[PDB]
Structure formats: structure tokens, C-alpha cells
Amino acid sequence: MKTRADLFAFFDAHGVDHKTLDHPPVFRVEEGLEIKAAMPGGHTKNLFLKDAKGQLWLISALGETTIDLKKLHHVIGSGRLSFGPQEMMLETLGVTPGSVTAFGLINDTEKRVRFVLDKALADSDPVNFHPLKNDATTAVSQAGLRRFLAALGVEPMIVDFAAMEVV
């Protein structure tokens, strides 16, 4: 299971530049606003899902993007979707509760996790995610995110969640 230092070593090897802000885990709306004020670009949510057929899925989206989980399976070609179990979140993404992040894909050595990217987040620059724990927020450019995914061999499925279409 990878550390933050391991993640940044991976970024460095592959030319993904980063800027990190350390902070207590956010439980207050004022603190969240302060972070967003210091860190431009897309601020994310990252949903760890398991479908009725056993396939794991990670959706990274802007926080405000509405995701209709009742109907999404028709769009992405999955079985009906539920939230995945915490144990698999640890095993495949190496993160603990409340710390889900696209950067956790560095831990998915069996390539069990299919990755869905909100079109609105693909069209954000920069983008911000936790560096494997929610006591920090890490910015990378949009190109950097794509460089990261490419280095892992992860092809994102880009979904327009408003139109409910793969794009």
C-alpha cells in the first residue's frame, strides 16, 4: 500500500507536477471555502462503487455534479450500482474512509477498478484531489491528471452526467 511519498515519487518519474496544501480534515464549511480560495480549479468528489456483477468503479467528478446512481448503469454499461465496500476501497485504492481520490489508482495493481471522469472535471484546470489522505489537497493540471492516468494505463470513460452520455 502506497504512501504519499510513493505517490509523489510516481508523479516525479512521470512529470506530473503538483502543489499540496496540508490541512486538518474538513468538517466546517468555512474551512472548505478557505481551501477553495487558495486552490483554484476543480474541486472533486470521488465515488467508489461496486456494480451488481462485481465490477468496481471509481467516479471522479466536480463536487457539485449530480450523479444519478439509479440510472447511471445504463450510461456506462455496468450492472446496477451500489457504493463499494470499505475493505475493497482499502485493498484497491489504498485509502481510508473519507479519503477517496483518483490518485489512489496507483494502488490498483490487479486493475480491478474502471475509472469514470465527469466531463465537467475533464474541462476543469487545474484539478484537486487528496494525496491518499484527506488531511491535504493536491493540485495538478488537467494535462497532469491525464499524464498520471496514462502512466498507469488507465483509460478514463468520460461521462456527461447532465446528458447522461459517454463522450
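Note that residue numbering follows the sequence shown and begins at 1.
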*Look over 22-30 and 41-49 in the entry and identify the one with the greater average Cα temperature factor.*
22-30
*Mean C-alpha B factor from the entry: is it higher for 137-145 or for 104-112?*
104-112
*Would the CA B-factor of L152 place it in the lowest, middle or highest third of its chain?*
lowest
_Using the temperature factors of the C-alpha atoms in this entry, rank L62 within its chain: lowest, middle or highest third._
lowest
_What third of the chain does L90 rank in for C-alpha temperature factor, lowest, middle or highest?_
middle
*Select lowest, middle or highest to describe the third in which the CA B-factor of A122 falls within its chain in this entry.*
lowest
*Comparing against every modelled residue in the chain, figure out the third that the C-alpha B-factor of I35 lands in (lowest, middle or highest).*
middle
